[PDB]
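Student: The sequence shown begins at 3 in the UniProt record's numbering and counts up by one.
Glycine included, each C-beta is placed from N, C-alpha and C at the ideal position.
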Amino acid sequence: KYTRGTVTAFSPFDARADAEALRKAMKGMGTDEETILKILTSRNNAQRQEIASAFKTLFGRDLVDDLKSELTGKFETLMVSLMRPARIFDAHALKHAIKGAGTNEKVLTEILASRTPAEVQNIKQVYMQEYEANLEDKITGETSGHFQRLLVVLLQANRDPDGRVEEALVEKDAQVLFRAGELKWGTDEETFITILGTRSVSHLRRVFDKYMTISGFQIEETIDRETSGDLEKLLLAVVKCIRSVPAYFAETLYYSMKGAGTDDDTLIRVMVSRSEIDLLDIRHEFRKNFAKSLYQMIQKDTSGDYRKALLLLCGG
Ligand SMILES: [Ca+2]
Ligand SMILES: [Ca+2]
Ligand SMILES: [Ca+2]
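1. Shorter than 7 Å, the distance from the beta carbon of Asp283 to the closest heavy atom of ligand 3, or not?
2. Does any heavy atom of ligand 3 sit closer than 7 Å to the C-beta of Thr264?
3. Suppose the cutoff is 7 Å on Cβ atoms and the five residues either side in sequence are ignored; what does the same chain contact list for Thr111 look like?
4. Quick one, what's near ligand 1 if you take every residue whose CB is closer than 7 Å to any heavy atom, in chain order?
5. Helix, strand or coil for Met31? Go by DSSP, reduced to three states.
6. Measure the beta-carbon distance from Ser204 to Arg161 and round it to whole angstroms, keeping in mind my assumption that it falls under 8 Å.
7. By how many angstroms is the C-alpha of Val247 removed from the C-alpha of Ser258?
8. Count the CB pairs spanning the region 47-59 and the region 14-27 that are closer than 8 Å, and state whether there are at least three.
9. For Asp307 and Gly104, I'd like the C-alpha separation in whole angstroms.
10. In terms of residues, what are the limits of the alpha helix (DSSP H) holding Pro248?
11. In terms of residues, what are the limits of the alpha helix (DSSP H) holding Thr142?
12. Is it right to say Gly218 is buried, meaning 16 or more other beta carbons lie within 10 angstroms of its own, or is it exposed?
13. Counting Cβ pairs closer than 8 Å, one from the region 66-77 and one from the region 285-301, do we hit at least three?
14. Using a 10 Å radius around the Cβ and a threshold of 16 neighbouring Cβ atoms, would you call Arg166 buried or exposed?
15. Taking the straight line between their C-alpha atoms, what separation do you get for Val272 and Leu84?
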């Protein structure tokens, strides 16, 4: 319950020697895409931030700008995502899932359902600092309904603390989800939003066990994934992050490749975001749950340099 990542600090690290090798790779006609990917997937984000700085000191050019202008396609996206400061990554993804016409409900849900209260608290903050707006005013302007109210509950980064579990309560709560389950998460929404958004994790895992003993089914079993509802999808992402974040992302990754095509926007966002948190645990849930390794699914769904950088990120 000690999460491991797939990317560690490279050594021996020489930011100046790394910046000089990237310049050369990009300098002139064409590009050496392979020196680029070898450096970027074997340096962690802090290190990358230090290569960016060195690069700006030595040539008076911007590394990202240069990647952007030299690279192309998904390889470009991947590399540019690797380069984004970890501190801003989430705030940035949220600015774009929201900005423009429509909304990307998907990023909304993934990030709010999966990040820790501390991580939500940091995001709200970097967002205010960088974009100048209040995260909350925005979500609230793009979404509506119970969907909207559950994201706001989640944005308070206020779930109860893991202490004493009172079984009576565990018991009261199970009886109400049981009932809403039967109702197709159709009503008394206000009540199950209160329960799922605010109770501690230890208290809700207990609730789900209890729930299973009343009904004979697991709470997620009472909601179709593939089909609709934005709130349903958000309820589902919460339930699963409550039991295991790594399992939730393994499954997220699996559905980004199963069937014709790939949701490359999700493949990349996840691979990058969790590369230094729980990407190894995720690879483990994927294999136990999917019967395939992340590596082989990715080998098969992607191609080229985009594919080799992803496989280096992945690790085995
Ligand atoms: Ca060039
Ligand atoms: Ca929008
Ligand atoms: Ca596919």
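Tutor: Judging by the given coordinates:
1. Numbered from 1 along the sequence shown, position 281 holds the residue referred to as residue 283. Because no heavy atom of ligand 3 lies under 7 Å away, the Cβ of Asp283 does not count as near it: no.
2. Counting from one through the sequence shown, the residue named residue 264 turns up at place 262. At least one heavy atom of ligand 3 is nearer than 7 Å to the Cβ of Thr264, so yes.
3. What you label residue 111 is simply residue 109 of the sequence shown in a count that begins at 1. Answer for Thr111: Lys235, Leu236, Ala239, listed in chain order.
4. In chain order, the qualifying residues are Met28, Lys29, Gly30, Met31, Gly32, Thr33, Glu72.
5. Walking along the sequence shown from the start, residue 31 turns up at place 29. Coil at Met31, not helix or strand.
6. As a first step, residue 204 is located in the sequence shown; it is residue number 202 there, counting from the start. As a first step, residue 161 is located in the sequence shown; it is residue number 159 there, counting from the start. Actually they do not touch by this definition, with Cβ atoms about 11 Å apart.
7. For the purposes of this step, residue 258 is taken as residue 256 along the sequence shown, with counting starting at 1. For the purposes of this step, residue 247 is taken as residue 245 along the sequence shown, with counting starting at 1. Near 17 Å, if we compare the C-alpha coordinates of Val247 and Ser258.
8. Touching, per the Cβ criterion.
9. For the purposes of this step, residue 307 is identified with residue 305 of the sequence shown, where counting begins at 1. For the purposes of this step, residue 104 is identified with residue 102 of the sequence shown, where counting begins at 1. Cα to Cα, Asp307 sits roughly 32 Å from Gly104.
10. Residue mapping note: residue 248 aligns to position 246 of the sequence shown, counting from 1. Boundaries of the alpha helix (DSSP H) around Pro248: 247-257.
11. Within the sequence shown, the letter at position 140 stands for residue 142. 137-144 is the extent of the alpha helix (DSSP H) around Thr142.
12. One-based indexing of the sequence shown puts residue 218 at position 216. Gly218 is exposed by the Cβ-count criterion.
13. Result no; under three Cβ-Cβ pairs closer than 8 Å.
14. Residue 166 sits at position 164 when you count from the first residue of the sequence shown. Classification of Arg166: exposed, given that the 10 Å Cβ count is below 16.
15. The sequence position of residue 272 within the sequence shown is 270, counting from 1. The sequence position of residue 84 within the sequence shown is 82, counting from 1. Their backbone Cα atoms lie some 11 Å apart in a straight line.
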